[PDB]
Visitor: 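Here's a structure for you.
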Amino acid sequence: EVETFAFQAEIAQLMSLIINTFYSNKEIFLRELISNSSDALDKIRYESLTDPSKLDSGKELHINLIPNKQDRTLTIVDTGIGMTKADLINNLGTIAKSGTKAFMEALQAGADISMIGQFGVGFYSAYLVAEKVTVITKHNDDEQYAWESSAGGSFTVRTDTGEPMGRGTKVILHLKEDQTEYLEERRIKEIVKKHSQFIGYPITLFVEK
Ligand SMILES: Cc1cn(-c2cc3c(c(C4CCCC4)c2)C(=O)NCC3)c2c1C(=O)CC(C)(C)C2
């Protein structure tokens, strides 16, 4: 049921760099993950123009931010295109291999961690604030999967037995003890306004009861 895979050498190096470098501007993780969600939403919206049946799994195109102080988790939910088993294991990793190499060469040449998005590897900025990242995803062409990594050179992929999503992605960030500010309502609002104010989809903050 659970398959373990090694990250491509370049990816493992980037992950180690993101976790061990002293960089206080950690807030950029939220705009990077919102940008991945925005790209997934663009993809399904565009594909639905030629094939409207691609929206049978859900017409709503949105982003939900769900902080949870008790579990110390920040969940980002999108109703985008989602990811297939091949996207999670092979496809996005192949694209990330070339981008990571270019970003690490740029960091050595003077560039800062905030430029991560230009190299298409912005997803990995999640490790600036999270000790573990869980990706629950559902694409129209495949089953629902759970991708997970606490870094250390490996990741796991399994078929998701939990609640069916219809279509899209859930990014669950198991936050580091010193990064609980990203669970506060006013802090999330400030990050969204500063970095993601022009995203072409509704971004809804789920306020804790
Ligand atoms: C590069 C890269 C990009 N993303 C990534 C992450 C997400 C999404 C996307 C979409 C798919 C189509 C357009 C962009 C990509 C998405 O749909 N929603 C938010 C999370 C990943 C990588 C990896 O290397 C590891 C990973 C676990 C496969 C996640």
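Along the sequence shown, residues are numbered consecutively beginning with 1. In each ligand, atom 1 is the first atom listed, and ligand 1 is the first ligand listed. All values below were derived from every heavy atom in this structure, side-chain atoms included, with hydrogens, water molecules and symmetry-related copies excluded.
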Visitor: Report yes or no: does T79 contribute a side-chain atom to a donor-acceptor pair with the main-chain N or O of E60 at less than 3.5 Å?
Guide: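 Looks like yes, one N/O pair under 3.5 Å.
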
Visitor: Of the choices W147, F7, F123, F119, which has the non-hydrogen atom that lies closest to atom 6 (C) of ligand 1?
Guide: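 It is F123 that holds the nearest heavy atom.
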
Visitor: In plain terms, say whether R158 and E148 are close enough for a salt bridge, that is, a side-chain N and a carboxylate O under 4.0 Å apart.
Guide: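 No, this pair does not count.
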
Visitor: Please confirm whether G80 approaches ligand 1 to less than 4.0 Å, judged on its heavy atoms.
Guide: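 No; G80 lies far enough from ligand 1 that no heavy-atom distance drops under 4.0 Å.
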
Visitor: Polar-atom distance check: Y124 versus ligand 1, any N or O pair below 3.5 Å?
Guide: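 By distance alone, the answer is yes.
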
Visitor: What closest approach, in Å, do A126 and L33 show between heavy atoms, and which atom pair accounts for it?
Guide: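 Shortest heavy-atom contact: CB-CD1, 4.0 Å.
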
Visitor: What is the closest protein heavy atom to atom 10 (C) of ligand 1, and at what distance does it sit?
Guide: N36 O, 3.8 Å

Visitor: Do me a favour and list the nearest non-hydrogen protein atom to atom 11 (C) of ligand 1 with residue, atom name and distance?
Guide: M83 CG, 3.9 Å

Visitor: Classify the angle between the aromatic ring planes of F29 and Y182 as parallel (below 30°), tilted (30 to 60°) or perpendicular (above 60°).
Guide: perpendicular

Visitor: When you look for heavy atoms under 4.0 Å from ligand 1, do you find them on the side chain of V171, its backbone, both, or neither?
Guide: side chain

Visitor: We want to know whether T84 and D141 form a side-chain donor-acceptor pair, criterion being a heavy-atom distance below 3.5 angstrom.
Guide: no

Visitor: Do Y124 and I89 share a hydrophobic cluster (ILVMFWY, side-chain heavy atoms under 4.5 Å, transitive)?
Guide: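 Yes, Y124 connects to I89 through the hydrophobic network.
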
Visitor: With a cut-off of 4.0 Å, which atoms of ligand 1 are near a heavy atom of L92?
Guide: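 That gives atoms 1 (C), 28 (C) of ligand 1.
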
Visitor: Can a side-chain donor-acceptor contact be found between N91 and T94 if the only test is distance below 3.5 angstrom?
Guide: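 Per modelled atom types, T94 and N91 side chains form no pair under 3.5 Å.
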
Visitor: Identify, for atom 12 (C) of ligand 1, the protein heavy atom at the shortest distance, and state residue, atom and that distance.
Guide: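 Result: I81 CG2, 3.9 Å.
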
Visitor: Decide whether the shortest distance between a heavy atom of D78 and an atom of ligand 1 is less than 4.0 Å.
Guide: yes

Visitor: How many angstroms lie between atom CG of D78 and atom CG of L41, to the nearest 0.5 angstrom?
Guide: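 Answer rounded to 0.5 Å: 5.0 Å.
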
Visitor: Among all the protein's non-hydrogen atoms, which is closest to atom 17 (O) of ligand 1, and how far away is it?
Guide: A40 CB, 3.2 Å

Visitor: Numbering the atoms of ligand 1 from 1, which are under 4.0 Å from a heavy atom of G120?
Guide: 1 (C)

Visitor: Is ligand 1 less than 4.0 angstrom away from at least one heavy atom of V121?
Guide: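 False for this residue.
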
